[PDB]
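If you want the building blocks of each chain, they are given just below.
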Amino acid sequence: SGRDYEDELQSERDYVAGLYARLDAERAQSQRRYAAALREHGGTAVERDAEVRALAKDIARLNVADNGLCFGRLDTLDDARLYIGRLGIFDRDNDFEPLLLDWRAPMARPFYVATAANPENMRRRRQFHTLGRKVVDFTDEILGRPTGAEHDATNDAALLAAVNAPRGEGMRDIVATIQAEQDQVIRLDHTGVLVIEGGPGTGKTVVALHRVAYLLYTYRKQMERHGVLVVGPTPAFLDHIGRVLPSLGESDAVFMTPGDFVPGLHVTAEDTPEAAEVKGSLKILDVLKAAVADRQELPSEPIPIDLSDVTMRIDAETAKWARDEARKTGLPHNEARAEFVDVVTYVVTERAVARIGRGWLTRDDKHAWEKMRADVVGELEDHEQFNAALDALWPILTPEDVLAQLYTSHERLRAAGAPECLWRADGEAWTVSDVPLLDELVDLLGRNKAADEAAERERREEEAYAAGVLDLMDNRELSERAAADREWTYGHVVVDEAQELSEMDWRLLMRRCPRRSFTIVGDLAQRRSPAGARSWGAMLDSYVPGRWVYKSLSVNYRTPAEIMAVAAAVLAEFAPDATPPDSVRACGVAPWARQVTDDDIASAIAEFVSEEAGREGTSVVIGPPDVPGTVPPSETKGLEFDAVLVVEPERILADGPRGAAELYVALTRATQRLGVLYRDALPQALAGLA
């Protein structure tokens, strides 16, 4: 925040205001011509209709571009300024100098594909963050070795400028290496599944978003109507993405946490690690199917049907055989219900007619036999007891019913083949591991056609009553339509912190992306989830074996080396095979530790809070929920802060079998300074932090 930035922003605001003035002038001219064409067009009806439609299309085109007219600016190496927006605007008075470029024009291509290691003759790319007509702010990206001058809202420019290292045995530009790796990630031709993995502080998220922007510009024909699915660990991370997400053209993005997959349901609770592991693996699919198959009951004792004349019954043999036929049909449960009903009806009807036709009737009397069968079927259809018995043997199911009955009772649990770990008192107390099972049960169960039809006709009847005429009887945004439907298929899927996704989450995401375009971002060592990935292949080979590309970003520049010494020391203990990233930037202040006493903890935390108010940037306190004014490390899993104050490393390191990774994430969050307080002693680590 500074007067220079404010003045540059004001200049850009004035330019955008002039653009909007031109927009309004053109819209006024178009509206006047539209009225004139409606009222006084002397041509034929077809010509009048054509001109009126052209003007209406023009007016609609102007209106849709009113919001967020301008995307940003390109500063060429030759100092030429190009403005990129939703529409092209030209001066007829000066031979059509473009005041604004339509983002799809070739001259606007660099705004999407340009990179800091293979620039398209451009010096700088500036992005405008806007609301309505006003520019809320702007952010600069320098396509070279930045000097840390211009404001970027990501600090990458200043941090890269703050690089510090000797030339080395072989002279290396260091910065150019980072630019080259990020470019080679971004400009990759492979449009299939891509995996980006790098140590913390390498800015993997922004690189991935740049890759997404490049893909969505290059292949806009194949993806723009399908949109993007951005999956994040926490809502705050998705707000961060919303802040830093580059231009997508006319496309749109749908933001979801793994607990948001089921439309209309939000879940935050976490299971025990054992239950999480069993629910996350694909071998739960064997349980779920079994849990469905168990709902197809059989009579305990024969069920009297009591036809008006022949006192029929349905028995174990008939029910068993009809259930086998329905299962063989291969349709979902709520669809195979119809086959089950049909088979039982046929068996009962044939027995009943054979009884009625005793002596005098035989199958060779084809017509009499068929009409007798039709009569008996008609009588059965309205037979309340028969229908109730069938509904008791093969009920219509919903996913919540299946999972609640499965979790709440040990009998159905054993029948499905699940272990005792899954039992819980409350069936419908959903947890993040249940969401993919609920989604899969929608495919396993399906819809019952007759029930939906009856509900529709009823709804029409009550709506006619409400309208008071009883006796006489979408234009949504891409994200709105996409998030409301589970069947929506996305053109691209972005997953950051992807190591936390279990096998079932990957199954769901692949179900929602048949095109198999994925940008997967994460770091395996940082995994906190019990069911997370141990290796990318184990997750991705079930879908794209040998057709997924791996890229890495070893160089680390955003987070100081001094705290990285401690982070690498911890990494050496909870993961002996792990190799930390190459740190190429030391801070001006080393991290610090102190043994804060029991009552001094609040004083120290408040002191840090007070100090960070006069500072510049953003900072946070990481600690157990038991300590006032602190957040757990998992709540910061994908974020970055200037200053972090960590509470009781020896305590948060012990919760769960994966606490060391949580502490590693917590320590590595900071970009400027790291303070830590402990109570007993250092946890046989952090010796380089004092």
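So, how was this worked out
Residues numbered from 1 in each chain as written, not as in the entry; some residues may be left out. Part of a larger assembly, values for the part shown. Heavy atoms only, no water. Salt bridge = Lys/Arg side-chain N within 4 Å of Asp/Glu carboxyl O. Helix = DSSP H or I, 4+ residues; strand = E, 2+ residues; numbered from the N terminus. Buried < 20%, exposed > 50% of the residue type's maximum accessible area, 1.4 Å probe, protein only. Contact = heavy atoms within 4.5 Å. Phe/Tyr/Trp six-rings, centres within 6.5 Å; stacked < 30°, edge-to-face > 60°. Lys NZ or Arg CZ within 6 Å of the ring centre and 35° of its normal. Core = buried A, V, L, I, M, F, W, Y, C linked by side-chain atoms within 4.5 Å. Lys, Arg positive; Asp, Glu negative; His and termini not counted. Pairing = 2+ DSSP bridges. Axes fitted to C-alpha atoms, helices over the stretch in contact; angles between N-to-C directions.

Per the PDB entry, the chain goes by Helicase and derives from Mycolicibacterium smegmatis MC2 155. Its PDB record names the entry "Mycobacterium smegmatis RNA polymerase in complex with HelD, SigA and RbpA in State I".

Asker: Sorry, what's going on with the pattern of salt bridges here?
Answerer: Here the idea is simple: oppositely charged side chains can pair when their charged atoms come close. Counted according to the given criterion, the structure contains 59 salt bridges. Between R459 and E463 there is a salt bridge, with its nearest N and O atoms 2.4 Å apart. You can see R459 and its partner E463 sitting in helix α18 (residues 449-467), 4 residues apart, about one turn around the helix.

Asker: Help me understand the side chain of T76, please; the structure alone is not making it clear to me.
Answerer: Here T76 shows up in strand β1 (residues 70-76). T76 sits in the buried class, given a relative accessible area of 5%. Setting aside residues no more than four positions away along its own chain, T76 makes contact with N121, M122 and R123.

Asker: Which parts of the structure should I look at to understand the packing of aromatic side chains?
Answerer: Within a pair of aromatic rings, the relevant descriptors are the distance that separates the centres and the angle that separates the planes. The tally for this structure, following the rule as stated, stands at 8 aromatic pairs. When the centroid spacing of 5.6 Å and the interplanar angle of 55° are considered together, the rings of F574 and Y664 count as tilted. Taken together, the residues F574 in helix α22 (residues 561-574) and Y664 in helix α25 (residues 659-668) connect sequence positions 90 residues apart. Since its relative accessible area comes to 19%, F574 is described here as buried. Relative accessible area serves as the criterion here: at 3%, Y664 is assigned to the buried category. Joined through ring pairs, the aromatic side chains of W103, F111, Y112 and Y217 make up one cluster. Residue placement shows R126 over the ring face of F138; its charged tip is 4.5 Å from the ring centre.

Asker: I would appreciate a short explanation of the nonpolar core in the present structure.
Answerer: Within soluble globular proteins, side chains that are nonpolar tend to cluster in buried spots. Counting 54 residues, the largest nonpolar core has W506, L509, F518, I520 and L540 as its most contacted members. The residues contacting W506, other than those within four sequence positions of it, are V495, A498, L501, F518, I520, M539, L540 and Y543. In terms of nonpolar packing, the next biggest core, distinct from the first, is built from 44 residues, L209, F237, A593 and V676 among them.

Asker: Can you help me understand the side chain of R669 in this one?
Answerer: Turning to its location among the elements, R669 is positioned in the loop between α25 and β20 (670-677). An unpaired buried charge is present at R669: no salt bridge exists, and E640, the closest side chain of opposite charge, is 4.7 Å distant. Sequence-distant contacts of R669, defined by excluding residues within four places in its chain, comprise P200, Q526, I622, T636, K637, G638, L639, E640, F641 and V644.

Asker: In this structure, what is going on with unusual backbone geometry? I would like to understand it.
Answerer: Leaving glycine aside, a negative phi is the common case for residues, and trans is the common case for peptide bonds. Backbone geometry at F96 places phi at a positive 65°, although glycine is not the residue there. Tracing the sequence through the fold places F96 in the loop between β3 (89-91) and β4 (97-102). With a phi close to 65°, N155 is a non-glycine residue in the positive phi region. Considering the arrangement of structural elements, one finds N155 in the loop between β6 (134-142) and α4 (156-161).

Asker: Please clarify how the sheet that holds strand β14 (residues 548-552) should be interpreted in this entry.
Answerer: Strands belonging to one sheet form pairs held by backbone hydrogen bonds; the direction of such a pair is parallel or antiparallel. Judged by pairing direction, the sheet is parallel, and its 6 strands sit side by side in the order β9-β8-β12-β13-β7-β14 without closing on themselves. Strands at the two margins of the open sheet, each flanked by one partner only, are β9 (253-256) and β14. Sheet twist, expressed as the mean angle between neighbouring strand axes with direction ignored, is 15°. Relative to strand β13 (residues 518-522), strand β7 (residues 193-197) runs parallel, the two sharing 5 bridges. Bridge assignment links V195 to a residue of β13, and that residue is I520. Each of β8 (228-231), β9 and β12 (492-496) is contacted by helix α8 (residues 235-244), which is oriented at about 160° to β9, the strand it contacts most. The strands touched by helix α20 (residues 503-511) within the sheet are β8, β12 and β13, with β13 carrying the most contacts at an inclination of about 155°.

Asker: Which parts of the structure should I look at to understand the pairing of β13?
Answerer: Side-chain direction in a regular strand flips from residue to residue, so the side chains alternate between the two faces of the sheet. Within β13, 5 of the 5 residues are buried, which leaves it mostly tucked inside the rest of the structure. Judged by which residues are buried, β13 turns out to be covered on both faces: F518, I520 and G522 on one side and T519 and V521 on the other are all buried.

Asker: I tried to follow the sheet that holds strand β19 (residues 641-647) on my own but got confused; where do I start?
Answerer: If you trace the 4 strands from one edge of the open sheet to the other, you get β17-β20-β19-β18, paired in parallel fashion. Taken across any chain shown, the strands that pair with only one partner, and hence form the sheet edges, are β17 (592-594) and β18 (619-622). Going across the sheet, the axis of each strand differs from the next one's by a mean of 15°, ignoring polarity. Bridge count between β18 and β19: 4 bridges; the pairing is parallel. Bridge pairing links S619 to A643 in β19. Sheet contacts for α25: β18, β19 and β20; angle to β19, the most-contacted strand, approximately 140°.

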